[PDB]
Amino acid sequence: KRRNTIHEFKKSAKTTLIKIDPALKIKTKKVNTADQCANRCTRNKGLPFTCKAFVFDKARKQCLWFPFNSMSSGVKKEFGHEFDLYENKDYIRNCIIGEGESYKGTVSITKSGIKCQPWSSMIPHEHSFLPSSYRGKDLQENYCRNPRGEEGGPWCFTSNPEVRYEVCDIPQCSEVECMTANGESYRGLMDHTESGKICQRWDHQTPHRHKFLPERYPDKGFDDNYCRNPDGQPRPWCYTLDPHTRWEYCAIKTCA
């Protein structure tokens, strides 16, 4: 099979999600691995809603797909060794990657400080940027989006009737992401190599085999697919999802 999208998720071990508010339905299915839950969560037309997070029950072997994450309203985290929560990074972001096409955070205020207009609303500014016309772009509520992958970055229509649209001020992910020395103590959230290749998850042996087992190295920060320096390398690094590139250095600026 070809689909491999589990890297796109932030894992919270021993955690499941419950929503107090019974609204927003959930789909559950008997599935063998967490990888299959992830591919279904990120697939186009895979679920009767936009999947933001999922939980893999390891004991019962089930996926639990949610249209919400742990940062939504009326949703609690709950304990259980058999559970593993996975939240799509796009909705946690807080920062931007390049044009910010993948950005799906909760910023709803323009660069000037004006509240964004709802995307599904024609007031004050009528338009054609509707969720129906741009599936997969998460044109929900009044959050800053970059649907057409334009140079300016994430933008929105403005609540002020005098300004139609404006860009939003969201910093590039390489903004606060800095390291001390050779990055031995770096525990940040960088997940792509210096050439822009996507990092392989540490808790995975595909497509590259390695000895850096998260269970074997607590305190080493082998979470998700973040760039790490666990072996005295000149710079932090990660294994790559490209079969023809085992590993590659990451580009994290020094805090000094």
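Each residue of the sequence shown is one higher than the one before, starting from 1 at the first, in this note's numbering.
Where a beta carbon is used, it is the ideal one built from N, C-alpha and C, also for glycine.
Residues of its chain near residue i, where Cβ-Cβ distance is below 8 Å and the 5 sequence neighbours each way are ignored
| i | result |
| --- | --- |
| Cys168 | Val107, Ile109, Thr110, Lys111, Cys116, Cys144, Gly153, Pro154, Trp155, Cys156 |
| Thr254 | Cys178, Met179, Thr180, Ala181 |
| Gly149 | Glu99, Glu101 |
| residue 269 | It is not possible to answer for residue 269, since the shown part of the chain is limited to 1 through 256. |
| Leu24 | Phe49, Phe66, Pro67, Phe68 |
| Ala256 | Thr180 |
| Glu175 | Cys95 |
| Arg201 | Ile6, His7, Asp224, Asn225 |
| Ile123 | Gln117 |
8 Å contact criterion, which residue i and residue j should meet: CB distance rounded
| i | j | result |
| --- | --- | --- |
| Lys29 | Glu87 | At roughly 19 Å, the Cβ-Cβ gap does not stay under 8 Å, so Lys29 and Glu87 are not in contact. |
| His208 | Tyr239 | 5 Å |
| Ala13 | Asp57 | Not quite, the Cβ-Cβ distance comes to about 13 Å (not below 8 Å), so this is no contact. |
| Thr206 | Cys199 | The pair is not a contact, with the Cβ atoms about 13 Å apart (cut-off 8 Å). |
| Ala59 | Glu82 | 4 Å |
| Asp191 | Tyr217 | The pair is not a contact, with the Cβ atoms about 18 Å apart (cut-off 8 Å). |
Other residues of its chain near residue i: CB distance less than 7 Å, five sequence neighbours each side excluded
| i | result |
| --- | --- |
| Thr50 | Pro67, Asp138 |
| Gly183 | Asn229, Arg235, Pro236, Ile252 |
| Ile97 | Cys173 |
| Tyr134 | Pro147 |
| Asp242 | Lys197 |
Which residues DSSP lists as bridging residue i, in chain order
| i | result |
| --- | --- |
| residue 294 | Residue 294 lies beyond the residue range present for the chain, which begins at 1 and ends at 256; the question has no answer from this structure. |
| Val55 | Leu64, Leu85 |
| residue 269 | Residue 269 falls outside the range modelled here, since the chain spans only 1 to 256, and no answer is possible. |
| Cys95 | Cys95 pairs with nothing; no bridge assigned. |
| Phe9 | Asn88 |
| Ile109 | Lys115 |
Chain-order list of residues whose beta-carbon lies under 6 Å from that of residue i (same chain, five-residue window excluded)
| i | result |
| --- | --- |
| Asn160 | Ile114 |
| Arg246 | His208 |
| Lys76 | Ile18 |
| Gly74 | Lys19, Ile20, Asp21 |
| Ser72 | none |
| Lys220 | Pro230 |
| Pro131 | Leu139 |
| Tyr91 | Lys52, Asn69, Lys104 |
Start-to-end residues for the beta strand (DSSP E) that takes in residue i
| i | result |
| --- | --- |
| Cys238 | 237–239 |
| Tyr165 | 165–167 |
Limits of the alpha helix (DSSP H) - the one that residue i falls within
| i | result |
| --- | --- |
| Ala251 | Here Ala251 belongs to no alpha helix (DSSP H), and DSSP marks it neither H nor E. |
| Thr28 | Taken as a continuous stretch (DSSP letters only), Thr28 belongs to no alpha helix (DSSP H), being part of the beta strand (DSSP E) at 27–30. |
| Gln36 | 34–42 |
Residue-chain proximity (residue i, chain D), Cβ-Cβ < 7 Å
| i | result |
| --- | --- |
| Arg228 | Among the chains in the structure shown there is no chain D, since it carries only a single protein chain. |
Let me know the alpha helix (DSSP H) ranges lying completely inside the stretch 171–244, each 4 residues or longer, listed in chain order.
none
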